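Take a look at this single chain, the form deposited in one PDB entry, given in C-alpha cells.
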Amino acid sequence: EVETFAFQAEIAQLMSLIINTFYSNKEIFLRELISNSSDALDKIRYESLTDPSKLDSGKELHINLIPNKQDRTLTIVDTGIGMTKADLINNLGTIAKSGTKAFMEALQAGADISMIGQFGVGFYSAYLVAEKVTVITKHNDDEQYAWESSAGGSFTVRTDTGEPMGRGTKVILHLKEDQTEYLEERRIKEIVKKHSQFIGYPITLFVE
C-alpha cells in the first residue's frame, strides 16, 4: 500500500525555491548528502558504544557513491542509523520547519543557497540536481521504507520489499536531464576532494 502525504507549506515553499531560483553552484548538494550520511554514521557509532548489539545489522560504517548512467541516478548509500517511519512522516518535518524559516530569513538578508546545511535542511539541496528523489532507509527499531518525492507539495512512503539493506539510508537522485555531469567519475571525484576531504568514514566512489 502507498501512503501519500502533504509537506507542510513551509517545506513545500523551500523545495520550490530550491527548484526555481537561478543558482549555478549546484555541486554543493553532494557535500550536504555526505555530511548527512556522516552524521547518521556518528549516531549509530555513538549508540553502539553503550549497546554493541546495535551493530548486529552490520558492523561496517561507510558511505558509497554509485553512479548509474542507464538509470540516470546517483545513489549515496550509508550504513548509518537509518530513519524510522515516524522520522519520515513527522520528526524530520518538524525539525525542517524552523530550519526553513531561519534559512529563508538568512536568504532575504543576503545569505547564499550554499549555506543551507547550516540550517539543518541540506537534504533538500538534492533538488538542485534531481527531478525525483527516492530514499530507501532501515532503522534498527523499524521496517525498511521507501520515501519518494518529485516535489510539487507531496511525498509518498511505503514499506519497501526490495533488496534488504541491513541498516542505513540510501538516497537515490533521479537526475534532471541537464545535470548528468554528476554521473561522471572525474566530476564526482573533483567534488568529493573539494568539499568532503576529511569525512571520517571511507567513501567509495563506484565505477560504472
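Residue positions are given as counts along the sequence shown, with the first one as 1. Under this definition, the rigid core comprises the largest set of C-alpha atoms superposing within 1.5 Å between the forms.
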Practice problem: Taking the mean of the C-alpha B-factors per stretch from the entry, tell me the winner out of 24-32 and 178-186. | Solution: 178-186
Quiz item: Averaging C-alpha B-factors over each stretch, which comes out higher, 140-148 or 46-54?
Solution: 46-54
Exercise. Choose from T79, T84, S114, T75 the residue with the greatest Cα B-factor as stated in the PDB record.
Key: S114
Quiz item: Based on the PDB record, which member of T169, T159, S154, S38 exhibits the highest Cα temperature factor?
Solution: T159
Quiz item: C-alpha B factor of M165, ranked within the chain: lowest, middle or highest third?
Solution: highest
Practice problem: Select lowest, middle or highest to describe the third in which the CA B-factor of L205 falls within its chain in this entry. | Solution: lowest
Practice problem: Using the B-factors in the PDB entry, rank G110's C-alpha atom against the chain and give the third, lowest, middle or highest. | Solution: highest
Exercise. Please rank the C-alpha B-factors of the chain's modelled residues and tell me whether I199 sits in the lowest, middle or highest third.
Key: middle
Quiz item: How does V133 rank on Cα B-factor within its chain, lowest, middle or highest third?
Solution: lowest
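Just so it is clear, the following notes concern the form deposited in another entry, a form of the same protein that is not shown.
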Quiz item: After the core is superposed, which of these residues, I76, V129, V135, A96, moves its CA 2 Å or more between the shown form and the other one?
Solution: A96
Quiz item: Taking the shown form as reference, are the C-alpha positions of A151 and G93 brought closer or pushed farther apart in that other deposited form, with a change of 3 Å or more?
Solution: closer
Quiz prompt | Shift in CA distance, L33 and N91, in that other deposited form relative to the form shown here, given it is 3 Å or more | solution = closer
